[PDB]
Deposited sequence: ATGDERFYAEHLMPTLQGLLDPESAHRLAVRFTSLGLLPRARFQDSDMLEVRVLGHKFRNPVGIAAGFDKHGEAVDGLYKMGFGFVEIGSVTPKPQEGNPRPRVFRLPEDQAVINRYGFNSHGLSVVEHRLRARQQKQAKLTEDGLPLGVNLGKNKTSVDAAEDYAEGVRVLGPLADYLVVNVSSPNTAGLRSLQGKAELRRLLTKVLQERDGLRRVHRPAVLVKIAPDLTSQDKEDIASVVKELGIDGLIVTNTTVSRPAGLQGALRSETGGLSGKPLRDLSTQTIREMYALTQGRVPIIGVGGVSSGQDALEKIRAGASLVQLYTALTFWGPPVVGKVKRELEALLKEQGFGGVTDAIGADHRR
């Protein structure tokens, strides 16, 4: 309940929404963040050790905000415990024609169909190289960096696209994400099927294992919220079989939950924000159980509060991410989630975040 929190949520963000279309607002958000034009101290309680790293707090920025790696340091300054950039495709590509981003203010939601607009691996590679040693120190300080990998629209061999991403950006990342769950690239989600996924992930892991030790990232798979029970079983099996390091749960949904009020609810694309929240949480809950709690989960979808974050943690997430909440609360949402999360942990008798991970499954 800070002053900045209310000001941003009641006055500044509604005004910015009134003046700028969603994509323009996105571009401005990236610009301001990259320039440090931004408005809470992390306690030991919020520290998490997973994926071979220390995370000083469990609240990350989800993929899709900083697609091209332009605002990484600004995002740490915003208070995120870790930053994920991407998705990045091998070659540059423009993505879908505009308009391709839509606000649903009545639903605290967004729909997007960007279609992997990407500066490409080479540009992002040089952008990260320019701050590689700074990042090494941040990572050692408990502020890790993730790189989310996509594939080009016209690509003939999906596995080769991801392999290229591993080779080029793997050495610059604490973890990589095989994003096989964007709803805006034709045929992409079918790579979530068992046979396809096993081949794909085998190639990715081999390429990863071929990197020098200090440049060898964890590999996670990011999945949709729209999977069948069969799909989820298959993914859990393959992940355990191959020793995948973790899961990101979830991407946006192509479903349209009953009760959406936004005028733009029937736009094509992935839906994010509050209407996704519990769908995402239940997918975390299921994947945690299917993997016996032995596979770290980063929980994502509709987080805007400590309660939202804690529900995903108790469902099985070791870390969480948010993105869409920024549209409505702005940068203060990060400190807000961290403060509320700490208070709830104390209130529910947890020694820290680590004690709460998967707690719903143990009672």
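Novice: What ranges of the deposited sequence are left out of this structure?
Specialist: In sequence order, there is one gap with no modelled C-alpha: 40-42.
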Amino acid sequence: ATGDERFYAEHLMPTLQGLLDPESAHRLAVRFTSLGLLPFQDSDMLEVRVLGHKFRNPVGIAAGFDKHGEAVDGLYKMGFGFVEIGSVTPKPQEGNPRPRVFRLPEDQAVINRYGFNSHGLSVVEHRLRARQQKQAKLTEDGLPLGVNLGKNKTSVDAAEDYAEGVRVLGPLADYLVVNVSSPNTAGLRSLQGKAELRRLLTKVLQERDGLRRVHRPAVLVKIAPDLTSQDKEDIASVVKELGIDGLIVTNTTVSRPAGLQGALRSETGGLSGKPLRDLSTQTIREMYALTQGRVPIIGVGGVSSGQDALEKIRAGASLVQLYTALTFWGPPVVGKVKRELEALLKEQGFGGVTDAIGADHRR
From here on, numbers count along this sequence of modelled residues.
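Superpose the two forms; the largest set of C-alphas matching within 1.5 Å is the rigid core.
Novice: Could you check whether 193-201 or 163-171 drifts more from the shown form in 9 other deposited structures of this protein, using RMS Cα distance once the core is superposed?
Specialist: Larger mean C-alpha displacement, comparing 193-201 and 163-171 in 9 other deposited structures of this protein, is found in 193-201.
Novice: Could you tell me which of the two stretches, 323-331 or 62-70, has its Cα atoms lying farther from the shown structure in 9 other deposited structures of this protein after fitting on the rigid core?
Specialist: Greater root mean square C-alpha distance in 9 other deposited structures of this protein: 323-331.
Novice: According to the deposited model, is the average Cα temperature factor higher in 181-189 or in 135-143?
Specialist: Averaging CA B-factors over each stretch, the winner is 181-189.
Novice: With reference to the PDB entry, specify whether the mean Cα temperature factor is higher for 166-174 or for 228-236.
Specialist: Mean CA B-factor is higher for 228-236.
Novice: Using the entry's values, work out which of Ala325, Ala317, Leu37, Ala63 has the largest Cα B factor.
Specialist: That would be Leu37.
Novice: Taking the chain's C-alpha temperature factors as the reference, tell me which third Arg213 falls into: lowest, middle or highest.
Specialist: CA B-factor rank for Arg213: highest third.
Novice: Divide the modelled residues of the chain into thirds by Cα B-factor and specify which third, lowest, middle or highest, holds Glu241.
Specialist: It belongs to the highest third of the chain when residues are ordered by C-alpha B-factor.
Novice: How does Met45 rank on Cα B-factor within its chain, lowest, middle or highest third?
Specialist: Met45: CA B-factor falls in the highest third of its chain.
Novice: Using the temperature factors of the C-alpha atoms in this entry, rank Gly150 within its chain: lowest, middle or highest third.
Specialist: For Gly150, the deposited C-alpha B-factor lands in the lowest third.
Novice: Ranking every modelled residue in this chain by its Cα temperature factor as given in the entry, which third contains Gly52?
Specialist: For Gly52, the deposited C-alpha B-factor lands in the highest third.
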